[PDB]
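# Breakdown of the fold
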Amino acid sequence: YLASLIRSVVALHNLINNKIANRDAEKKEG
Amino acid sequence: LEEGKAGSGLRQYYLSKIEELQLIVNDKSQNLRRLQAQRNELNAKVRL
Amino acid sequence: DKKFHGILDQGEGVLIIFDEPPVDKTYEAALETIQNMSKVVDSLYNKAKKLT
Amino acid sequence: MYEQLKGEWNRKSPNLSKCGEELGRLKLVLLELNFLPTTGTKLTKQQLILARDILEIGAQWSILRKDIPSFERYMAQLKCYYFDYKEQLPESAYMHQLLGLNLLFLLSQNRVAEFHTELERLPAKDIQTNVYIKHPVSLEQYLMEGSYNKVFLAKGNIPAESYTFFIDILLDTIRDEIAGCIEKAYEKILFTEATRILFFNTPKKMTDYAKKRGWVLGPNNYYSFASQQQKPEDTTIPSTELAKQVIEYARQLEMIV
Amino acid sequence: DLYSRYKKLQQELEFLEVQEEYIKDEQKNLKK
Amino acid sequence: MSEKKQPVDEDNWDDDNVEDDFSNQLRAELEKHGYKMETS
Amino acid sequence: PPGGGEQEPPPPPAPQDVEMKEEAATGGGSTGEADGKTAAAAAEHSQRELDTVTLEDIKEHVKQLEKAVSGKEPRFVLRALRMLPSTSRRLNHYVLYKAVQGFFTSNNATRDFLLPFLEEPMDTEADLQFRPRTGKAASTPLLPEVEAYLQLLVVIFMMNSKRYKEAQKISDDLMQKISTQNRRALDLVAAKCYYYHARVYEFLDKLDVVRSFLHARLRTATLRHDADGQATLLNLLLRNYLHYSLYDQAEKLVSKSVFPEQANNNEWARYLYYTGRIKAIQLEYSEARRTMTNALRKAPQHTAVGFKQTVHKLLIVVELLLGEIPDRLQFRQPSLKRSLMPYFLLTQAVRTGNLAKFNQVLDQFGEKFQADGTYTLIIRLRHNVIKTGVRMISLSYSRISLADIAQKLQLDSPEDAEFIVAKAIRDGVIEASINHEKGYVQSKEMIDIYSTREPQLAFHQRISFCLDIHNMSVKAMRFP
Amino acid sequence: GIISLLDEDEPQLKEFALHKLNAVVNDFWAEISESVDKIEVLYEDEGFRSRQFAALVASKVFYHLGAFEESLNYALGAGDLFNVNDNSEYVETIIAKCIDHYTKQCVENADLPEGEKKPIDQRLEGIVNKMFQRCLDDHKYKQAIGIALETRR
């Protein structure tokens, strides 16, 4: 339970913040 | 020839396809070299 | 009114008291996951606006 | 021209000897125009329409000999004539039920995916008309009732025609399903309970069920022993395979890394 | 010459293919 | 899409999901539940 | 006349500005984009062409009207020529022909005179390089004109356009083959006209020959050059091969593959709806309910208007066959309301186990059901409603008697009530036990689901899917 | 279902079968997929005169289904009919998988270096020099030396 619950929140920290920061630099560079 | 320049042209496409895939992974390693150089620069920062 | 924790039995006529109030795994998790949805929904304004 | 062909069609055949000669006569047609690719000038397909009539009775002769590869060969041709690129052909009174000969046989082999695709070619033609197709699709509704009982009520009056061979397979495929569909899971079923569905009086079929089931043979009753059945735990071994899951689970975490 | 360059185009391709193991194995050791 | 096939061919409305369940089940209901008093 | 005469000059400069900069800036931009880099593709103008033509598909296309003479088609199709940078003078000549419309007497060079115009890019000697620009000159003038749908004598001209557009296909396969990447640009461009191949036939007759031409183009893209090409052709397949009989259900098994990678986004979401109606007639509910629900959340962005709305109507057909559904007015739209009114009370009769209400819906709303072609379910949906009722009673009651459930569900007979539960256990509907004397149904509660065992087994697929999204994020992050 | 007509064991009808196959196979490409097992019976039969052409349509439904090396097994097994088709794309597909298998087999035999050589079919090595006459006919020197470096022999 601690595995699946935390990994889902760790994914929410990994997926969200990455797509945000990546979409920021990618489309604003060119 | 037609065996041939179209067949060998298909051979030149697979290489360029793998080269494009290699060029992708090259660009995948270009920002990865930056992420490597970043932490390597931080490796110089902890020594700084 | 929470002043009494227990349950009865109508068939054999026995009132049985049982309690396990504390759960620290479920409550501290699900509340944050619901809050985690508010963190993404508030960021959906950033997502959709920067793209178009 | 060519023939003699329909001279033996009105008399049908006494046995399969004339059916073999009719196939040899159809073999001469397969060596000239075959089935295709002659577009026409549809006048060259008139004998192919005359071929449909002898291919219809050929499926009637193929279902009379019970041979499955023979029935599916004559039927697939009749289906390809309707699936032919030319959809304008002289209409035949057997065009309805000949599709049901394959459709009811398709129900005998229990194909749920191929049943509805058979009605997909003519969805509206099988509803407002074509009672020959409407009876089995109403009988399929009786299979969801289930029937059991309603089947013999629909079997009272049927043209049919030739459906007798397929409904007997529909019988036998329901008969072995009566043993399966009753239990699991009931607590107990009495002797007269299952006897109502088994019909007959005291056939060797239910005597065979008293053995092959096993299950139980009790006096004037039946039991689901033992128990309900076999009472699966299921197993305590999966506790080991969950550790095997964590192996590749940490592997998927090691690929990040 | 088309099949000649067909054998000349995988050098830098395999050189960049081994350059992927280059950066990977180097950055993993540098990580530790 | 707009490509391909398809171009060729609180509120009370939100509360209507629960309200339509009352249309075909047990009406609202008052008069009937008010009649249950003197029946038994 | 003086007022309306002075209002004619101003508008045509508007297409002479934005529509001039549509294919000249994108085509002239894709010129250097297709000469090199050419990574991937990208060729960002290919998706920009999607933002233009689809915007043109609303307004203004090439025409309108607009109070012009429709001389934009002959304008850009002549004098390509092309050559070294002097081609900039061809764009200057395109501006000089704009003044011809506003000065001299304007004449319409379209229609009958478009046949020699399509041969001009080959007669200019030469193209000499990019077929998509000629394909665009053979599409953007002609294809938006098809939305007029006058159907008189110009249908063969749309066929003559596809004839020279098939000559572009001759130059598509034969020419290049060395680091082409222009076919990937054409795979988006050649898809549209191939959708128009269906639109032209759908107004006259189904295409028997193009179906054979479809399999020829389908297999020729494999494996040599395929990006999104086979998928767009697979959309053409499942589109017409569904609506028209037969055997095309199982035909998808030999085509898949998948085909990977799904391109692009909602293109594969509606594809999951196309193969969803397949699995709807296949009667498999488990795979059909997940592909339709995924198709709804994966399909952006609309509006407008009923395209996504009407396609969502028939999308919940599999939900009506599931047996567990709420009322569908939550997916209703005010524009789709009047259209779904026969389809609204439909599911309202599914939520109820009444036979008189269920039969009255089919009788009154049967006029709308004829245009849907959904009559396949209405015969067997009766058994689906009785499973919704028996699941409602079995979940709300521990023991449920066959005599009490008979009249409440108006089965009226004990015999078929036993026949319902007999095949309910076969279908796994309920664990209810039955003791046979009179008889009656005495069941017991089902338990042991609990927490530990089964919910943790589902979490194995939950997190294994989550770490796949991590892989989807790693792949996506590595592209920039 | 045209497969049901194959019940006749006489090969005389099988020539009228493939005559129907190679035409309408565009729509029947999924239909012949269930008949692949029957194509194997016609190929393994020595008394079947069309087994050379039966391997052709076998590679047709295979390459359509995604089989690459499996199509090459029945390519060399198709006799002279595999060498007689220069038409459209179907020729360049199967010969590319054959040449790739040919060039990797010769390099493999070069690492032996000598002895215990693998069996070399005459058809996989035949299309090499046979079709190379086009380079001698077309006079192009660039493609001449090209195949020379590919075979390594």
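Cut-offs and rules
Residues numbered from 1 in each chain as written, not as in the entry; some residues may be left out. Chains lettered and ligands numbered in written order. Part of a larger assembly, values for the part shown. Heavy atoms only, no water. Contact = heavy atoms within 4.5 Å. Buried area = accessible area lost by both parts, 1.4 Å probe. Salt bridge = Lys/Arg side-chain N within 4 Å of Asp/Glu carboxyl O. Polar contact = N/O pair within 3.5 Å; in protein donor to acceptor, adjacent residues only side chain to side chain. Helix = DSSP H or I, 4+ residues; strand = E, 2+ residues; numbered from the N terminus. Core = buried A, V, L, I, M, F, W, Y, C linked by side-chain atoms within 4.5 Å. Buried < 20%, exposed > 50% of the residue type's maximum accessible area, 1.4 Å probe, protein only. Patch = residues over 30% accessible without salt bridge, like charges linked within 9 Å, V, L, I, M, F, W, Y side chains within 5 Å. Areas by Shrake-Rupley, 256 points an atom, 1.4 Å probe, with all protein chains shown as cover. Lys, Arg positive; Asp, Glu negative; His and termini not counted. Charge placed at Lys NZ, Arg CZ, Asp CG, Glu CD. Nonpolar A, V, L, I, M, F, W, Y, C, P; charged D, E, K, R; others polar.

This deposited entry lists cryo-EM as its structure determination method and 8.0 Å as its resolution.

Going by the PDB entry, chain H carries the name 26S proteasome non-ATPase regulatory subunit 1 and comes from Homo sapiens. The title line of the PDB record says "Structural basis for dynamic regulation of the human 26S proteasome".

The PDB entry lists chain C under the name 26S proteasome non-ATPase regulatory subunit 11, with Homo sapiens as the source organism.

### Side note on the interface of chain D and chain G
With 32 residues of chain D at the interface, the matching set in chain G holds 32 residues. Between chain D and chain G, a total of about 3,300 Å² is buried, with carbon and sulfur atoms accounting for 56% of that surface. Considering only the side of chain D, the residues that lose the most area to chain G are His116(D), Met144(D) and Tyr186(D), jointly responsible for 18% of the buried surface there. In this structure, the connection of chain D to chain G is made through zero salt bridges. Here chain D is connected to chain G by seven residue pairs in polar contact. Elements with a minimum of two residues in the side of chain D that touches chain G: α5 (112-120), α6 (131-143), α8 (164-182), β1 (188-190) and α11 (238-254) of chain D.

### Focus: the nonpolar core
Membership of the largest hydrophobic core comes to 73 residues, with the highest contact counts inside it found for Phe115(D), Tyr148(D), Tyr163(D), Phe166(D), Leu170(D) and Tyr186(D). Leaving out residues up to four positions away in the same chain, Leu170(D) has contacts with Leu104(D), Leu107(D), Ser108(D), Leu139(D) and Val151(D). In terms of nonpolar packing, the next biggest core, distinct from the first, is built from 41 residues, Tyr6(E), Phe62(H), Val91(H) and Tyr102(H) among them.

### What to know about the pattern of salt bridges
Inspection of every chain in the model, using the stated rule, returns 26 salt bridges over all chains. Taking the shortest distance from any N to any O, the salt bridge between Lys5(B) and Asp138(H) comes out at 3.9 Å. Of the two residues, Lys5(B) is situated in helix α1 (residues 5-47) and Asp138(H) in helix α6 (residues 122-138); the pairing between them involves two chains. Classification of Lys5(B) as partly exposed rests on a relative accessible area of 29%. Overall, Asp138(H) belongs to the partly exposed group, its relative accessible area being 43%. Between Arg131(G) and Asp172(G) there is a salt bridge; the shortest N-O distance is 3.2 Å. Residue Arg131(G) is found in helix α7 (residues 131-137), and its partner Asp172(G) is found in helix α9 (residues 155-174); the two are separated by 41 residues along the sequence.

### Notes on a negative patch on the surface
Taken together, the side chains of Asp67(D), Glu72(D), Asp7(H), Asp9(H) and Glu10(H) make up a negatively charged region of the molecular surface. The topology assignment puts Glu72(D) in helix α3 (residues 68-82). Residue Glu72(D) is classed as partly exposed on the basis of its relative accessible area of 39%.

### A look at the side chain of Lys252(G)
All names here are of chain G. Looking at the secondary structure, you find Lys-252 in helix α13 (residues 248-255). The side chain of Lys-252 sits in the buried core without any salt bridge; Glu-251 is the nearest counter-charge, 7.0 Å away. If sequence neighbours within four positions are ignored, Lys-252 has contacts with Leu-238, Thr-275 and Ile-278.

### Regarding the interface of chain B and chain E
Taken together, the 17 residues of chain B in the interface contact 18 residues of chain E. Each partner contributes to the roughly 1,700 Å² buried at the junction of chain B and chain E, and carbon and sulfur atoms together form 61% of this total. Our count for the contact surface shared by chain B and chain E stands at four residue pairs in polar contact. Tallied by class, residues from the side of chain B that touches chain E come to four nonpolar, eight polar and five charged.

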